[PDB]
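Participant: File name final.pdb; file contents PDB, N, CA and C atoms; full text below.
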```
ATOM      1  N   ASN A   1      10.037  18.910   6.506
ATOM      2  CA  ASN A   1       9.972  18.178   5.239
ATOM      3  C   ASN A   1       9.878  16.667   5.401
ATOM      4  N   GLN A   2       9.651  16.196   6.622
ATOM      5  CA  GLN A   2       9.508  14.771   6.830
ATOM      6  C   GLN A   2       8.090  14.390   6.460
ATOM      7  N   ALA A   3       7.982  13.406   5.583
ATOM      8  CA  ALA A   3       6.693  12.926   5.127
ATOM      9  C   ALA A   3       6.203  11.775   5.984
ATOM     10  N   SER A   4       4.897  11.757   6.189
ATOM     11  CA  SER A   4       4.216  10.724   6.943
ATOM     12  C   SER A   4       3.212   9.977   6.079
ATOM     13  N   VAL A   5       2.798   8.818   6.571
ATOM     14  CA  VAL A   5       1.708   8.050   5.968
ATOM     15  C   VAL A   5       0.371   8.701   6.336
ATOM     16  N   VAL A   6      -0.441   8.972   5.318
ATOM     17  CA  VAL A   6      -1.751   9.571   5.488
ATOM     18  C   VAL A   6      -2.781   8.663   4.805
ATOM     19  N   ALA A   7      -3.940   8.515   5.421
ATOM     20  CA  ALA A   7      -4.995   7.678   4.863
ATOM     21  C   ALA A   7      -5.562   8.294   3.582
ATOM     22  N   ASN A   8      -5.497   7.513   2.512
ATOM     23  CA  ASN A   8      -6.007   7.893   1.193
ATOM     24  C   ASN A   8      -7.487   7.596   1.018
ATOM     25  N   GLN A   9      -8.049   6.923   2.007
ATOM     26  CA  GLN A   9      -9.466   6.630   2.083
ATOM     27  C   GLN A   9      -9.754   6.366   3.548
ATOM     28  N   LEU A  10     -11.021   6.187   3.908
ATOM     29  CA  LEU A  10     -11.342   5.720   5.239
ATOM     30  C   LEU A  10     -10.820   4.297   5.327
ATOM     31  N   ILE A  11     -10.068   4.003   6.382
ATOM     32  CA  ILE A  11      -9.589   2.651   6.639
ATOM     33  C   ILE A  11     -10.407   2.085   7.796
ATOM     34  N   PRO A  12     -11.218   1.052   7.536
ATOM     35  CA  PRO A  12     -12.080   0.525   8.588
ATOM     36  C   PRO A  12     -11.301  -0.195   9.668
ATOM     37  N   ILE A  13     -11.915  -0.303  10.837
ATOM     38  CA  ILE A  13     -11.335  -1.035  11.938
ATOM     39  C   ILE A  13     -11.030  -2.472  11.516
ATOM     40  N   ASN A  14      -9.953  -3.002  12.058
ATOM     41  CA  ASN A  14      -9.645  -4.427  11.958
ATOM     42  C   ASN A  14      -9.604  -4.890  10.529
ATOM     43  N   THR A  15      -9.006  -4.039   9.714
ATOM     44  CA  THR A  15      -8.892  -4.264   8.292
ATOM     45  C   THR A  15      -7.408  -4.127   7.904
ATOM     46  N   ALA A  16      -6.975  -5.042   7.049
ATOM     47  CA  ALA A  16      -5.604  -5.134   6.570
ATOM     48  C   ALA A  16      -5.305  -4.026   5.574
ATOM     49  N   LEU A  17      -4.184  -3.365   5.789
ATOM     50  CA  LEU A  17      -3.772  -2.248   4.957
ATOM     51  C   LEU A  17      -3.309  -2.712   3.587
ATOM     52  N   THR A  18      -3.738  -1.987   2.575
ATOM     53  CA  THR A  18      -3.264  -2.187   1.210
ATOM     54  C   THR A  18      -2.652  -0.890   0.671
ATOM     55  N   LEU A  19      -1.924  -0.998  -0.436
ATOM     56  CA  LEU A  19      -1.256   0.164  -1.002
ATOM     57  C   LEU A  19      -2.185   1.274  -1.405
ATOM     58  N   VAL A  20      -3.420   0.966  -1.806
ATOM     59  CA  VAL A  20      -4.324   2.025  -2.238
ATOM     60  C   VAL A  20      -4.849   2.853  -1.073
ATOM     61  N   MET A  21      -4.589   2.399   0.146
ATOM     62  CA  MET A  21      -5.043   3.111   1.328
ATOM     63  C   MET A  21      -4.071   4.150   1.853
ATOM     64  N   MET A  22      -2.837   4.169   1.351
ATOM     65  CA  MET A  22      -1.763   4.933   1.999
ATOM     66  C   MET A  22      -1.089   5.874   1.023
ATOM     67  N   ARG A  23      -1.126   7.168   1.319
ATOM     68  CA  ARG A  23      -0.388   8.160   0.545
ATOM     69  C   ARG A  23       0.653   8.792   1.479
ATOM     70  N   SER A  24       1.544   9.581   0.900
ATOM     71  CA  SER A  24       2.567  10.280   1.655
ATOM     72  C   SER A  24       2.342  11.779   1.590
ATOM     73  N   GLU A  25       2.548  12.456   2.710
ATOM     74  CA  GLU A  25       2.294  13.880   2.785
ATOM     75  C   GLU A  25       3.058  14.513   3.938
ATOM     76  N   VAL A  26       3.532  15.742   3.755
ATOM     77  CA  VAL A  26       4.176  16.473   4.844
ATOM     78  C   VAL A  26       3.083  17.116   5.699
ATOM     79  N   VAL A  27       2.940  16.562   6.891
ATOM     80  CA  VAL A  27       1.909  16.951   7.837
ATOM     81  C   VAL A  27       2.533  17.155   9.210
ATOM     82  N   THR A  28       1.805  17.849  10.061
ATOM     83  CA  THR A  28       2.205  18.018  11.448
ATOM     84  C   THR A  28       0.993  17.791  12.336
ATOM     85  N   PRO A  29       1.179  17.015  13.409
ATOM     86  CA  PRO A  29       2.406  16.345  13.837
ATOM     87  C   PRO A  29       2.820  15.211  12.884
ATOM     88  N   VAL A  30       4.060  14.774  13.053
ATOM     89  CA  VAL A  30       4.646  13.710  12.258
ATOM     90  C   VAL A  30       4.180  12.341  12.769
ATOM     91  N   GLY A  31       3.811  11.478  11.833
ATOM     92  CA  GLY A  31       3.368  10.131  12.134
ATOM     93  C   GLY A  31       4.361   9.099  11.646
ATOM     94  N   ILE A  32       3.841   7.931  11.289
ATOM     95  CA  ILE A  32       4.676   6.869  10.752
ATOM     96  C   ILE A  32       5.362   7.397   9.494
ATOM     97  N   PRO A  33       6.679   7.213   9.372
ATOM     98  CA  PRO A  33       7.351   7.720   8.168
ATOM     99  C   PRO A  33       6.875   7.064   6.896
ATOM    100  N   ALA A  34       6.838   7.864   5.837
ATOM    101  CA  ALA A  34       6.368   7.391   4.551
ATOM    102  C   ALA A  34       7.182   6.207   4.037
ATOM    103  N   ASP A  35       8.446   6.127   4.405
ATOM    104  CA  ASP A  35       9.259   5.014   3.920
ATOM    105  C   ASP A  35       8.785   3.645   4.450
ATOM    106  N   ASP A  36       7.961   3.645   5.498
ATOM    107  CA  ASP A  36       7.460   2.405   6.083
ATOM    108  C   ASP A  36       6.197   1.870   5.412
ATOM    109  N   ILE A  37       5.736   2.521   4.352
ATOM    110  CA  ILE A  37       4.549   2.057   3.653
ATOM    111  C   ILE A  37       4.631   0.561   3.251
ATOM    112  N   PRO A  38       5.747   0.111   2.641
ATOM    113  CA  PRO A  38       5.795  -1.313   2.291
ATOM    114  C   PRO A  38       5.702  -2.245   3.488
ATOM    115  N   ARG A  39       6.267  -1.841   4.615
ATOM    116  CA  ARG A  39       6.183  -2.624   5.849
ATOM    117  C   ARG A  39       4.755  -2.750   6.343
ATOM    118  N   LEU A  40       3.969  -1.699   6.131
ATOM    119  CA  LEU A  40       2.616  -1.659   6.665
ATOM    120  C   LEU A  40       1.629  -2.539   5.913
ATOM    121  N   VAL A  41       1.945  -2.932   4.684
ATOM    122  CA  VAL A  41       1.011  -3.727   3.919
ATOM    123  C   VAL A  41       0.668  -5.015   4.673
ATOM    124  N   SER A  42      -0.633  -5.274   4.790
ATOM    125  CA  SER A  42      -1.208  -6.442   5.469
ATOM    126  C   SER A  42      -1.298  -6.324   6.980
ATOM    127  N   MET A  43      -0.776  -5.248   7.563
ATOM    128  CA  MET A  43      -0.963  -5.011   8.981
ATOM    129  C   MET A  43      -2.335  -4.431   9.175
ATOM    130  N   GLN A  44      -2.924  -4.654  10.333
ATOM    131  CA  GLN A  44      -4.272  -4.156  10.598
ATOM    132  C   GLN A  44      -4.253  -2.951  11.496
ATOM    133  N   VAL A  45      -5.222  -2.082  11.299
ATOM    134  CA  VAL A  45      -5.437  -0.986  12.207
ATOM    135  C   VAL A  45      -6.392  -1.386  13.329
ATOM    136  N   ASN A  46      -6.206  -0.745  14.477
ATOM    137  CA  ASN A  46      -7.003  -1.075  15.666
ATOM    138  C   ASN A  46      -8.168  -0.114  15.922
ATOM    139  N   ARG A  47      -8.413   0.781  14.976
ATOM    140  CA  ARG A  47      -9.485   1.752  15.049
ATOM    141  C   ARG A  47      -9.757   2.187  13.609
ATOM    142  N   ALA A  48     -10.937   2.722  13.336
ATOM    143  CA  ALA A  48     -11.185   3.316  12.030
ATOM    144  C   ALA A  48     -10.338   4.570  11.874
ATOM    145  N   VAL A  49      -9.808   4.755  10.677
ATOM    146  CA  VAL A  49      -8.911   5.858  10.373
ATOM    147  C   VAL A  49      -9.549   6.672   9.251
ATOM    148  N   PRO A  50     -10.110   7.843   9.561
ATOM    149  CA  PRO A  50     -10.783   8.634   8.540
ATOM    150  C   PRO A  50      -9.863   9.135   7.433
ATOM    151  N   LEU A  51     -10.446   9.409   6.273
ATOM    152  CA  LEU A  51      -9.725  10.007   5.156
ATOM    153  C   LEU A  51      -8.914  11.218   5.623
ATOM    154  N   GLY A  52      -7.656  11.275   5.213
ATOM    155  CA  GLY A  52      -6.787  12.392   5.488
ATOM    156  C   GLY A  52      -6.095  12.383   6.836
ATOM    157  N   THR A  53      -6.361  11.358   7.633
ATOM    158  CA  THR A  53      -5.737  11.212   8.935
ATOM    159  C   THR A  53      -4.312  10.685   8.810
ATOM    160  N   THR A  54      -3.419  11.241   9.611
ATOM    161  CA  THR A  54      -2.057  10.735   9.694
ATOM    162  C   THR A  54      -2.029   9.447  10.493
ATOM    163  N   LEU A  55      -1.440   8.395   9.938
ATOM    164  CA  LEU A  55      -1.304   7.143  10.661
ATOM    165  C   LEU A  55      -0.194   7.259  11.677
ATOM    166  N   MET A  56      -0.518   6.952  12.920
ATOM    167  CA  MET A  56       0.399   7.002  14.039
ATOM    168  C   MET A  56       0.755   5.593  14.486
ATOM    169  N   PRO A  57       1.913   5.433  15.143
ATOM    170  CA  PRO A  57       2.363   4.081  15.510
ATOM    171  C   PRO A  57       1.361   3.294  16.346
ATOM    172  N   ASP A  58       0.645   3.984  17.217
ATOM    173  CA  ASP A  58      -0.301   3.328  18.110
ATOM    174  C   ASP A  58      -1.555   2.806  17.424
ATOM    175  N   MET A  59      -1.802   3.221  16.195
ATOM    176  CA  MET A  59      -2.968   2.794  15.439
ATOM    177  C   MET A  59      -2.801   1.448  14.745
ATOM    178  N   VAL A  60      -1.572   0.958  14.628
ATOM    179  CA  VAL A  60      -1.295  -0.198  13.796
ATOM    180  C   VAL A  60      -0.914  -1.368  14.698
ATOM    181  N   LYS A  61      -1.671  -2.451  14.611
ATOM    182  CA  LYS A  61      -1.399  -3.642  15.390
ATOM    183  C   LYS A  61      -0.094  -4.267  14.944
ATOM    184  N   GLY A  62       0.823  -4.450  15.884
ATOM    185  CA  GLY A  62       2.090  -5.093  15.596
ATOM    186  C   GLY A  62       3.208  -4.177  15.129
ATOM    187  N   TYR A  63       2.940  -2.892  14.941
ATOM    188  CA  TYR A  63       3.949  -1.991  14.435
ATOM    189  C   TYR A  63       4.930  -1.616  15.508
ATOM    190  N   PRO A  64       6.201  -1.781  15.178
ATOM    191  CA  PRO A  64       7.294  -1.219  15.948
ATOM    192  C   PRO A  64       8.282  -0.695  14.917
ATOM    193  N   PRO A  65       8.901   0.440  15.204
ATOM    194  CA  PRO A  65       9.859   1.023  14.275
ATOM    195  C   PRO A  65      11.200   0.334  14.433
TER
END
```
Translate the structure of the given file into structure tokens.

Facilitator:
Amino acid sequence: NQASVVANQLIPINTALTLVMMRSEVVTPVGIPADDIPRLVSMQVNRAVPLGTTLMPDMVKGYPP
């Protein structure tokens, strides 16, 4: 029942995250926790993230839990 951040649209490379890009969903494997969505705003991804992909810690520049 742990929810993760999932891409609500394709997120292009080297693009700053906004709220409309991030939804929460119970997926496996588990990625960045959904509660970290506010922290992620304005952070950039280091690769394109397709629609429906779980955001993982290694995808986000500067992310540490």

Participant: If you count only N, CA and C atoms, which residues fall within 6 Å of segment 20-23 of chain A, apart from same-chain ones fewer than 2 positions away, as a PyMOL selection string?

Facilitator: chain A and resi 4-9+18+25

Participant: Any idea what the distance is between atom C of residue 47 of chain A and atom CA of residue 59 of chain A?

Facilitator: 7.1 Å

Participant: Just want the 6.5 Å neighbourhood of residue 40 of chain A, counted on all atoms listed in the file, with same-chain residues fewer than 3 positions away dropped. Output as an MDAnalysis selection string.

Facilitator: chainID A and resid 17:18 36:37 43

Participant: Leaving out residue 57 of chain A and any residue of its chain fewer than 5 positions from it, which residues lie within 6.5 Å of it when counting all atoms listed in the file, given as a PDB file with N, CA and C atoms, keeping the file's coordinate frame?

Facilitator:
```pdb
ATOM      1  N   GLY A  31       3.811  11.478  11.833  1.00  0.00           N
ATOM      2  CA  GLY A  31       3.368  10.131  12.134  1.00  0.00           C
ATOM      3  C   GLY A  31       4.361   9.099  11.646  1.00  0.00           C
ATOM      4  N   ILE A  32       3.841   7.931  11.289  1.00  0.00           N
ATOM      5  CA  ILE A  32       4.676   6.869  10.752  1.00  0.00           C
ATOM      6  C   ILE A  32       5.362   7.397   9.494  1.00  0.00           C
ATOM      7  N   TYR A  63       2.940  -2.892  14.941  1.00  0.00           N
ATOM      8  CA  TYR A  63       3.949  -1.991  14.435  1.00  0.00           C
ATOM      9  C   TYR A  63       4.930  -1.616  15.508  1.00  0.00           C
TER      10      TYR A  63
END
```

Participant: Run through the PyMOL selection byres ((chain A and resi 48) around 6.5) on the given coordinates and return the selected residues as number ranges by chain.

Facilitator: A: 11-14, 45-47, 49-50

Participant: Which is closest to residue 10 of chain A among A:60, A:26, A:34, A:51, if we use only C-alpha atoms?

Facilitator: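 Using only C-alpha atoms, residue 10 of chain A sits closest to A:51.
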
Participant: Could you please determine the separation between atom CA of residue 19 of chain A and atom CA of residue 1 of chain A in Å, to one decimal place?

Facilitator: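 Straight-line distance from atom CA of residue 19 of chain A to atom CA of residue 1 of chain A works out to 22.1 Å.
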
Participant: Let's see if you can do this: from backbone DSSP, list all strand (DSSP E) residues in chain A, as an NGL selection string.

Facilitator: :A and (4-7 or 22-25)

Participant: Go ahead and save the residues from that selection, with N, CA and C atoms, as a compact mmCIF listing (two decimals), keeping the file's coordinate frame.

Facilitator:
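Saved to selection-v4.txt:
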```txt
# COMPACT_ATOMS: atom_id res chain seq x y z
N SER A 4 4.90 11.76 6.19
CA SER A 4 4.22 10.72 6.94
C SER A 4 3.21 9.98 6.08
N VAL A 5 2.80 8.82 6.57
CA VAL A 5 1.71 8.05 5.97
C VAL A 5 0.37 8.70 6.34
N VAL A 6 -0.44 8.97 5.32
CA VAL A 6 -1.75 9.57 5.49
C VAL A 6 -2.78 8.66 4.80
N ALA A 7 -3.94 8.52 5.42
CA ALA A 7 -5.00 7.68 4.86
C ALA A 7 -5.56 8.29 3.58
N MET A 22 -2.84 4.17 1.35
CA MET A 22 -1.76 4.93 2.00
C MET A 22 -1.09 5.87 1.02
N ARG A 23 -1.13 7.17 1.32
CA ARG A 23 -0.39 8.16 0.55
C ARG A 23 0.65 8.79 1.48
N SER A 24 1.54 9.58 0.90
CA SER A 24 2.57 10.28 1.66
C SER A 24 2.34 11.78 1.59
N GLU A 25 2.55 12.46 2.71
CA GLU A 25 2.29 13.88 2.78
C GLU A 25 3.06 14.51 3.94
```

Participant: Rounded to one decimal, what separation in Å do you get between atom CA of residue 16 of chain A and atom CA of residue 2 of chain A?

Facilitator: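 Computing it gives 25.0 Å between the two atoms.
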